[PDB]
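Colleague: Sharing a structure, written as structure tokens. Questions coming.
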Amino acid sequence: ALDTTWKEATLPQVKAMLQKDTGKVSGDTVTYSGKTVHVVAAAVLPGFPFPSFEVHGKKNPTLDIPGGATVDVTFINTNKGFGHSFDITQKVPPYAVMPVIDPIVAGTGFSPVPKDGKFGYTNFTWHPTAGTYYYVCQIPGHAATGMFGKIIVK
Ligand SMILES: [Cu+]
């Protein structure tokens, strides 16, 4: 039951999607507001550290989400040669090389690798209850080496 349905986007389409994250940045936190919020996350945008996620142009930021909101996540894999995933868990860091993160509350399978001048992306919806979550990549070693961030749902 992970989201394993992918579409393909050209680079100008990727840039257009990254700009549609509806959060507001303060330091290394992104704060969302409203009834429906749009999170747009990318795996290793050009020039950012490997391995990492970027959301609203920040590396692995803490996401602050209002209670009761509908969360629409768009995940784009921009990293040549790797098929990163985006998975939400309540299991905490530090993560092992093969992390134990079940149950996965929402998230993706492994993404397509970039090819033919295009990039794979997907959309999924999430209706969380209040608490702390983490977003992680499942490729062995990546979470252990820093590819994760925190989500606080009020
Ligand atoms: Cu990864």
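As shown in the structure tokens, the chain order sets the letters A, B, ...; within each chain, residues go from 1, and ligands are also counted from 1 in the order they appear.
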Produce as a list in words the set of residues near ligand 1, where near means within 7 Å with only C-alpha atoms and all ligand atoms considered.

Modeller: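 Counting only C-alpha atoms and all ligand atoms, the residues within 7 Å of ligand 1 come out as residues 51, 83, 84, 85, 137, 138, 139, 142 and 147 of chain A.
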
Colleague: Name the residues of chain A that fall into helix (DSSP H, G or I) according to DSSP on the backbone, using the chain letters and numbers of this document, as a list in words.

Modeller: residues 11, 12, 13, 14, 15, 16, 17, 18, 143, 144 and 145 of chain A

Colleague: Can you write out the residues you just picked, keeping N, CA, C and O atoms, as a tab-separated table (two decimals), in the first residue's frame?

Modeller:
```
chain	number	residue	atom	x	y	z
A	11	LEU	N	12.53	19.73	-16.71
A	11	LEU	CA	13.09	20.63	-15.70
A	11	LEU	C	12.21	21.86	-15.54
A	11	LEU	O	12.02	22.25	-14.38
A	12	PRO	N	11.72	22.57	-16.54
A	12	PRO	CA	10.88	23.75	-16.19
A	12	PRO	C	9.62	23.39	-15.42
A	12	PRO	O	9.11	24.18	-14.60
A	13	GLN	N	9.06	22.20	-15.65
A	13	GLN	CA	7.91	21.74	-14.89
A	13	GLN	C	8.30	21.46	-13.45
A	13	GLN	O	7.53	21.76	-12.52
A	14	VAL	N	9.49	20.86	-13.22
A	14	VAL	CA	9.98	20.67	-11.85
A	14	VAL	C	10.09	21.99	-11.13
A	14	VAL	O	9.65	22.13	-9.98
A	15	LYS	N	10.71	22.98	-11.78
A	15	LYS	CA	10.87	24.30	-11.13
A	15	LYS	C	9.51	24.89	-10.80
A	15	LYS	O	9.36	25.49	-9.74
A	16	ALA	N	8.57	24.73	-11.69
A	16	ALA	CA	7.24	25.28	-11.43
A	16	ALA	C	6.59	24.62	-10.22
A	16	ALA	O	5.85	25.25	-9.45
A	17	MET	N	6.81	23.31	-10.03
A	17	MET	CA	6.20	22.60	-8.92
A	17	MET	C	6.88	22.98	-7.60
A	17	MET	O	6.18	23.17	-6.60
A	18	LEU	N	8.22	23.17	-7.60
A	18	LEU	CA	8.90	23.49	-6.33
A	18	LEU	C	8.37	24.80	-5.75
A	18	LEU	O	8.37	24.96	-4.51
A	143	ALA	N	19.11	7.20	5.17
A	143	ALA	CA	18.67	7.76	6.44
A	143	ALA	C	19.77	7.83	7.50
A	143	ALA	O	19.81	8.79	8.28
A	144	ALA	N	20.58	6.79	7.52
A	144	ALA	CA	21.70	6.73	8.47
A	144	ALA	C	22.70	7.85	8.27
A	144	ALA	O	23.41	8.25	9.19
A	145	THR	N	22.79	8.33	7.04
A	145	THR	CA	23.73	9.36	6.71
A	145	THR	C	23.06	10.71	6.57
A	145	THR	O	23.70	11.62	6.03
```

Colleague: Using only C-alpha atoms, which of A:132, A:31, A:10, A:60 sits nearest residue 78 of chain A?

Modeller: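 Among the listed residues, A:10 lies closest to residue 78 of chain A.
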
Colleague: Near residue 47 of chain A, within 12 Å and counting only C-alpha atoms, which residues show up once chain neighbours fewer than 3 positions away are dropped, as a PyMOL selection string?

Modeller: chain A and resi 43-44+50-54+57-59+78-79

Colleague: Given only C-alpha atoms as the basis, pick out the residue of A:1, A:80, A:27, A:32 nearest to residue 152 of chain A.

Modeller: A:32

Colleague: Enumerate the residues of segment 37-128 of chain A with a DSSP assignment of strand (DSSP E or B), computed from the backbone, and present them as a VMD selection string.

Modeller: chain A and resid 37 to 43 53 to 55 58 to 59 62 to 65 70 to 77 87 to 89 106 to 108 115 118 to 126

Colleague: Distance atom CA of residue 24 of chain A-atom CA of residue 135 of chain A, one decimal place?

Modeller: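 Between these atoms lies a distance of 18.7 Å.
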
Colleague: Compare A:100, A:9, A:136, A:30 by their minimum atom-to-atom distance to residue 62 of chain A, counting only C-alpha atoms, and give me the closest one.

Modeller: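 Comparing A:100, A:9, A:136, A:30 against residue 62 of chain A, the winner is A:30.
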